[PDB]
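Commentary on secondary and tertiary structure
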Amino acid sequence: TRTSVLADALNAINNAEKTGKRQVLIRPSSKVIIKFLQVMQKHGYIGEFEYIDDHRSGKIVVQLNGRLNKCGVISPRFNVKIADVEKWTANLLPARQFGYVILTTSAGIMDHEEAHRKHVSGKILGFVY
Amino acid sequence: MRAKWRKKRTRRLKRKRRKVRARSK
Amino acid sequence: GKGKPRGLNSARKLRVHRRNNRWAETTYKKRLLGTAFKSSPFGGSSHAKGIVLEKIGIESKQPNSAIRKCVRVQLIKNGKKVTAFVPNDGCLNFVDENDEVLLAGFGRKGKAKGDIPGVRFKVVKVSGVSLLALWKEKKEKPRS
Amino acid sequence: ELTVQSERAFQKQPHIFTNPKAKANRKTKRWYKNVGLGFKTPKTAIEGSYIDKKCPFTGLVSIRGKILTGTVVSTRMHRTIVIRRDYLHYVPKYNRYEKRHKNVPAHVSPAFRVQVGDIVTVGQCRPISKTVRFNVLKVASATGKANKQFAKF
Amino acid sequence: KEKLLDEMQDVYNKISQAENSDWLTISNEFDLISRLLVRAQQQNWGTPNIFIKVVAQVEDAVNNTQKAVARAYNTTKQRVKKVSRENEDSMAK
Amino acid sequence: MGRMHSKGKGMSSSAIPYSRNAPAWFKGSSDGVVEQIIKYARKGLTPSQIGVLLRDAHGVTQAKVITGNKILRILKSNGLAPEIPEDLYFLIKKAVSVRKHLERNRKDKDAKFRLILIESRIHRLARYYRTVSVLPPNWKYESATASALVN
Amino acid sequence: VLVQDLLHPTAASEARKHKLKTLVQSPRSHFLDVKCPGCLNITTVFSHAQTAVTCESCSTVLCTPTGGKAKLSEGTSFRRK
RNA sequence: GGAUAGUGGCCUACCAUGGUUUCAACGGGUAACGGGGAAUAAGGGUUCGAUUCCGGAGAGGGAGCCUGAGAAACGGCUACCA
RNA sequence: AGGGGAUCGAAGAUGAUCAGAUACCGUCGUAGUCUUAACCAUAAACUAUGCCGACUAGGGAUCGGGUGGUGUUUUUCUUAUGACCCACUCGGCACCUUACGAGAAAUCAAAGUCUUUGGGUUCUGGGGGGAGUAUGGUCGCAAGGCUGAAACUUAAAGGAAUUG
Ligand SMILES: [Mg+2]
Ligand SMILES: [Mg+2]
Ligand SMILES: [Mg+2]
Ligand SMILES: [Mg+2]
Ligand SMILES: [Mg+2]
Ligand SMILES: [Mg+2]
Ligand SMILES: [Mg+2]
Ligand SMILES: [Mg+2]
Ligand SMILES: [Mg+2]
Ligand SMILES: [Mg+2]
Ligand SMILES: [Mg+2]
Ligand SMILES: [Mg+2]
Ligand SMILES: [Mg+2]
Ligand SMILES: [Mg+2]
Ligand SMILES: [Mg+2]
Ligand SMILES: [Mg+2]
Ligand SMILES: [Mg+2]
Ligand SMILES: [Mg+2]
Ligand SMILES: [Mg+2]
Ligand SMILES: [Mg+2]
Ligand SMILES: [Mg+2]
Ligand SMILES: [Mg+2]
Ligand SMILES: [Mg+2]
Ligand SMILES: [Zn+2]
């Protein structure tokens, strides 16, 4: 069945960006997806997105901007020490100038640069650039 | 040979070998 | 997708899966089963000493027309008899009958090489002195 | 279970003496000790009547070293328990984990009640038997799902 | 699927004959009967009367008063106790 | 749109409305509704039958939105909940009916296949109900306790 | 259709789409105030009523169930709720 | 209870029928002493580690033992086997 | 094993061709073909495409279901049907065009969302032979099935398309 709701979300956003759309409908919504969206919105890869309540599970309408080229989830939420995060950002992100490994720490869901600045590390959620 | 025929020839050889084994035992 | 398990707690299945599929590589199977020891003419050894039993001119493969002069040698380490090639032009006459001959691999991972059928090993030394030194007249056979 | 020295030899706590000439006869003086590490002796141990020289409370054995938490998987042996400890072994070749389990046989005092499915805190002790190196200290979920059995509002 | 029942009946007869003389091969017979019961339970149809009869015969053989025969006696007592966890003994009585 | 033992992908289901309160047109009060529920349960109907009847012959959209509670909870609180959950009872009735049909005529293999599917469904559901401890943990279903329960 | 407002699309479009697939799930069925020819009693009936709803006072088949929307009797008169 | 320096089926008497396992017990192989590490090298790994350090074991193969704090010693004994 | 016994028909009996023909063709013809219980568990059991999810592109049709039509005829005067016409929707066998993606292509609307490499999962393969052979287990009354090597040998075998 639908195992990772965020995987569905990011697959939808990537497919629609490749297709050329300006808005997507993420069908099931979850807190982690919302935080992912807040991160991308703060960094500017997304325009203005909207949540919809349904008393069963939220829906999300994300207005893209085409600035995004590819998101993606690392579906097994691996464990990364504060040292291996450099290995992960070398593996996933194209160049060190930009691109962000969005990961969840005890301090919250947040990108790898803020996570390094707070000196915390947790489980990997995905990668956006 | 056709692989079919190779299998059939091998089966006949197995049959003969089993007959010889039953005779020996 | 990629029909191998991927969850966090699937280390066991992946490990056993890799251990099981490693049996496909020929090199790994040879290493684990120790085929280089039990059945190979050399006990996983580069060289071994032996005694020449008689000398044979093996005819080459298809496109090559010649006779490649080899010698059958009984290995002294275990007693298995095996043929072995002798390099260079005037070297078979340099190999005495029933003489101490040292054999090495033939350069193709223990497989027959070139146009020589069924022969798998060179000749590097005969009666102590090497064959190359004899061929270039660097040394004389001890003829003992 | 109301055994009270049913066995061939008498079951006495060594070197605790009761004077019959003392005209009080207030049961028999029972030796017990608080085991430490913030573990409270059960009232069954103090007010009880068993013997259990291997009891961590009313016996001679002492508790030091490791403190392991686990789940009972077999109560069927006498005076002793088979505890199943589950954990995640980390395999670095794949950055993954395997669920592994080890069976620890411990010794349970008659002061406690243990049934299959309970979660128990146990502590290391001196070698009691060939495989018993632990004495139970606490039983949390004795009837966690067993308190409620019938239903009628 | 009558072969399993016939083999179980033959094993029960062999167990009775061995008990007539007792655990030298009775232990092996009970061990194979346990595997036969497991195999029958694997399929839909299981728990025949022959299994109960063989279990009762093994219990009688172990109960009788009686050197590897001592290992056989201990193992047969343990096996009879284990297979006697079934309530089918009430059916036998 | 997944199916438990078939290749279908059906989308047929009930589509509960967004509103969480009673409709603007409902005039009856919840106490009368719950009394009606209890009288129907005394008549001997399953909660699904209660829901369908109260949807059809009366203005009860769904009993939860107006009475503040679910039908099974209502019967349980007043002590009318069956000892067997109703859906599992229907499964057992279907299974015993198929068993009887197989008993009457043997060669029919398709009923045997559907019977083993039904047995799988029963095992799964009963395992779940044991996990939630709705059934006693000893509850087990093989052949004849079915004929005891369905009757 | 690279740009459109999924949040507030045109009403005809949502009414066209299948239920369980609109922006917010909302059923299409409704209830009806039906009047029986016999008496003046007014009874509420679901649109796709599955059972033969009858007047409590008198046994009359107000609705005959079918695969989808229930079929009302000829004499009875209905009003949308 | 015996025995040990002492805990302990370590052993004995009696009693209970248990212990482990598809999360791989048990059994078989290892041209396996273990580890610190060596070679190799984008990152991940693969192979090797008899061999300078730390532990373990053995003095032909097994067994038994005196001595002394320390040995089942072996450039110490007693015995069998080769 | 038991009941059938028409046609058809391995084996066979033959009549012809052929250098040979116990092969193709022609006549017959046992076992089987059809059944009732019990086995067997293999097929190019093929869509040579594992299953469950989400997304990505248009086109009609077709089957079943459900919606609306002041729809068309029907006719029982007319409602109500039914059968059709139009529009939509759910699910299914498929089909058509196209690539914007994929592939080594032939092609695929899944074989796409895979170096911008991670939705969950089982099962397989690691050059060709040797060989699905030997051996060992296990199932089977038997035929055989499942499991399943190695020694040795070889420099290709093979896929797709292109020109002859
Ligand atoms: Mg979740
Ligand atoms: Mg020549
Ligand atoms: Mg003692
Ligand atoms: Mg090693
Ligand atoms: Mg070393
Ligand atoms: Mg020593
Ligand atoms: Mg020596
Ligand atoms: Mg001294
Ligand atoms: Mg010694
Ligand atoms: Mg020394
Ligand atoms: Mg001496
Ligand atoms: Mg016949
Ligand atoms: Mg013929
Ligand atoms: Mg002829
Ligand atoms: Mg004919
Ligand atoms: Mg097959
Ligand atoms: Mg296939
Ligand atoms: Mg298939
Ligand atoms: Mg190969
Ligand atoms: Mg082959
Ligand atoms: Mg065999
Ligand atoms: Mg092919
Ligand atoms: Mg080709
Ligand atoms: Zn009425």
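Residues numbered from 1 in each chain as written, not as in the entry; some residues may be left out. Chains lettered and ligands numbered in written order. Part of a larger assembly, values for the part shown. Heavy atoms only, no water. Residues with missing side-chain atoms left out of burial classes, pairs and counts.

Looking at the PDB entry, one finds chain G named 40S ribosomal protein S27, with Kluyveromyces lactis NRRL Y-1140 as its source organism. For this entry, the PDB record gives the title as "Structure of a yeast 48S-AUC preinitiation complex in swivelled conformation (model py48S-AUC-swiv-eIF1)". Word for word, the UniProt comment on chain G under Sequence similarities (unreviewed entry) is "Belongs to the eukaryotic ribosomal protein eS27 family." (UniProt positions renumbered as here; feature names shortened; annotations may be inferred.)

The name given to chain A in the PDB entry is Small ribosomal subunit protein uS8, and the organism recorded there is Kluyveromyces lactis NRRL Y-1140. Its UniProt record gives chain A a comment under Sequence similarities, which states: "Belongs to the universal ribosomal protein uS8 family."

Okay, the overall build of chain G next. When you go through chain G residue by residue, the secondary structure sums to one helix and five strands. Mapped in sequence order, the helices and strands of chain G form the string α-β-β-β-β-β. Taking 12 Å as the expected radius of gyration for a compact globule of 81 residues, we find that chain G reaches 18 Å, considerably beyond that expectation. In chain G, buried positions account for 25% of the 81 residues. Taking all contacts inside chain G whose residues are at least 6 apart in sequence as the whole, residues at least 24 apart take part in 27%. Surface summary for chain G: the accessible area is close to 5,300 Å², and the carbon and sulfur share equals 61%. (Helix = DSSP H or I, 4+ residues; strand = E, 2+ residues; numbered from the N terminus. Rg over C-alpha atoms; globule rule 2.2 N^0.38 Å. Buried < 20%, exposed > 50% of the residue type's maximum accessible area, 1.4 Å probe, protein only. Contact = heavy atoms within 4.5 Å. Areas by Shrake-Rupley, 256 points an atom, 1.4 Å probe, with all protein chains shown as cover.)

As a further point, take the sheet that holds strand β5 (residues 108-110) of chain A. Where strands meet in a sheet, backbone hydrogen bonds hold them as pairs that are either parallel or antiparallel. Residue and element names in this part refer to chain A. Strand order in this open sheet of three strands is β5-β4-β6, and the pairing throughout is antiparallel. Two strands lie at the open edges of the sheet, namely β5 and β6 (123-128), each paired on one side alone. Strand-to-strand twist across the sheet, computed as the mean angle between neighbouring axes with direction ignored, equals 15°. As defined by bridge partners, strand β4 (residues 100-105) adjoins β6 across five bridges and the pair is classed as antiparallel. Paired with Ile-102 across the strands is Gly-126, a residue of β6. This element, helix α2 (residues 31-43), spans β4, β5 and β6 of the sheet and lies at about 45° to β6. (Pairing = 2+ DSSP bridges. Axes fitted to C-alpha atoms, helices over the stretch in contact; angles between N-to-C directions.)

UniProt feature "binding site: Zn(2+) 6" (unreviewed entry): in the numbering of this structure it lies at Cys-58 of chain G. In this structure, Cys-58 of chain G sits in the loop between β2 (42-46) and β3 (63-64).

Residues and elements named next belong to chain D. Sheet topology places strand β1 (residues 63-74) next to strand β2 (residues 80-91); three bridges connect them, and they run antiparallel. Residue pairing for β2: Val-72 is matched across the bridge by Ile-83. Counted between consecutive antiparallel strands, the loop separating β1 from β2 contains five residues, among which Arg-79 sits at a positive phi close to 60°. Bridge count between β2 and strand β3 (residues 96-107): twelve bridges; the pairing is antiparallel. Residue pairing for β3: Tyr-87 is matched across the bridge by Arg-100.

The next subject is the packing of aromatic side chains. Consider the rings of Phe-85 of chain C and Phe-106 of chain C, whose centres lie 5.9 Å apart with planes at 70°: the pair is edge-to-face. On the criterion of sequence distance, the pair formed by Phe-85 of chain C in strand β3 (residues 81-85) and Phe-106 of chain C in the loop between β4 (100-103) and β5 (125-126) is long-range, its members being 21 residues apart. Cation over ring: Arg-55 of chain F sits above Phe-46 of chain G, and NZ or CZ is 4.9 Å from the ring centre. (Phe/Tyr/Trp six-rings, centres within 6.5 Å; stacked < 30°, edge-to-face > 60°. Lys NZ or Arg CZ within 6 Å of the ring centre and 35° of its normal.)

On to the interface of chain F and chain G, then. Tallying the contact residues gives 15 residues for chain F and 16 residues for chain G. When grouped by side-chain class, the residues that make up the side of chain F that touches chain G number nine nonpolar, four polar and two charged. (Nonpolar A, V, L, I, M, F, W, Y, C, P; charged D, E, K, R; others polar.)

Residue and element names in this part refer to chain A. Looking at the assigned domains, one finds that chain A contains domain 1 (1-68) and domain 2 (69-129). The centre of domain 1, based on its C-alpha atoms, is set 19 Å off from the matching centre of domain 2. At the junction of the two partners, domain 1 supplies 18 residues and domain 2 supplies 17 residues. Counting residues per element, the ones that place at least two in the side of domain 1 that touches domain 2 are α1 (5-19) and α2. Class assignment for the residues of the side of domain 1 that touches domain 2 results in ten nonpolar, three polar and five charged. (Domains from an automatic or database assignment.)

Before going further, it helps to spend a moment on the arrangement of the chains. Once contacts are tallied for each of the seven pairs of chains in contact, the highest total is for chains F and G. The closest approach of any C-alpha atom in chain B to one in chain D is 43 Å; the two make no contact. The smallest C-alpha distance separating chain B from chain F is 34 Å, and no contact links them.

Bringing the packing of helix α1 (residues 2-20) of chain E against helix α3 (residues 49-63) of chain E into the picture now. Residues and elements named next belong to chain E. Running from amino to carboxyl end, α1 crosses α3 at an angle of 15°, the nearest separation of the two axes being 9 Å. Classed by the angle they form, the pair α1 and α3 counts as roughly parallel. Two packed elements cross with a definite hand, and for α1 against α3 that hand is left-handed. Taken together, the residues of α3 that come into contact with α1 (itself represented by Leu-5, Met-8, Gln-9, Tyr-12 and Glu-19) are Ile-50, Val-54 and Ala-61. For the contact of α1 with α3, the per-class residue count stands at six nonpolar, one polar and one charged. (Parallel < 35°, antiparallel > 145°, perpendicular 65-115°, else oblique. Left-handed = near helix turned anticlockwise from the far one by under 90°.)

Residues and elements named next belong to chain F. Two numbers describe how helix α1 (residues 30-43) lies on helix α2 (residues 47-56): the axes approach to 10 Å, and their chain directions differ by 130°. By the angle between their directions, the pair α1 and α2 is classed as oblique. Pair α1 / α2 crosses with right-handed handedness. Two secondary-structure elements touch here, α1 through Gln-36, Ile-37, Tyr-40 and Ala-41 and α2 through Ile-50, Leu-53 and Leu-54.

All names here are of chain G. Mapped onto the present numbering, the UniProt feature "binding site: Zn(2+) 7" (unreviewed entry) falls on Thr-60. For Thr-60, the position within the fold is in the loop between β2 and β3. Discounting chain neighbours no more than four positions away, the residues touching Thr-60 are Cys-36, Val-53, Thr-54 and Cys-55.

Before going further, it helps to spend a moment on the pattern of salt bridges. Between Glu-100 of chain C and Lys-49 of chain C there is a salt bridge; the shortest N-O distance is 2.2 Å. Linking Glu-100 of chain C in strand β4 with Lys-49 of chain C in strand β1 (residues 48-59), this pair joins segments that are 51 residues apart in sequence. Measuring nitrogen to oxygen at the nearest pair gives 3.3 Å for the salt bridge that ties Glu-98 of chain D to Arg-100 of chain D. Put simply, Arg-12 of chain C together with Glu-98 and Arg-100 of chain D are held in one network by salt bridges that share partners. (Salt bridge = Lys/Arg side-chain N within 4 Å of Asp/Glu carboxyl O.)

Turning our attention to unusual backbone geometry. Notably, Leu-37 of chain D is not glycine yet its phi reads approximately 60°, a positive angle. Summarising the element assignment, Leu-37 of chain D is placed in the segment before α1 (43-47). The phi torsion at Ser-133 of chain F lies on the positive side, around 65°, for a residue other than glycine. Mapped onto the elements of the fold, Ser-133 of chain F is located in the loop between α6 (109-131) and α7 (144-150).

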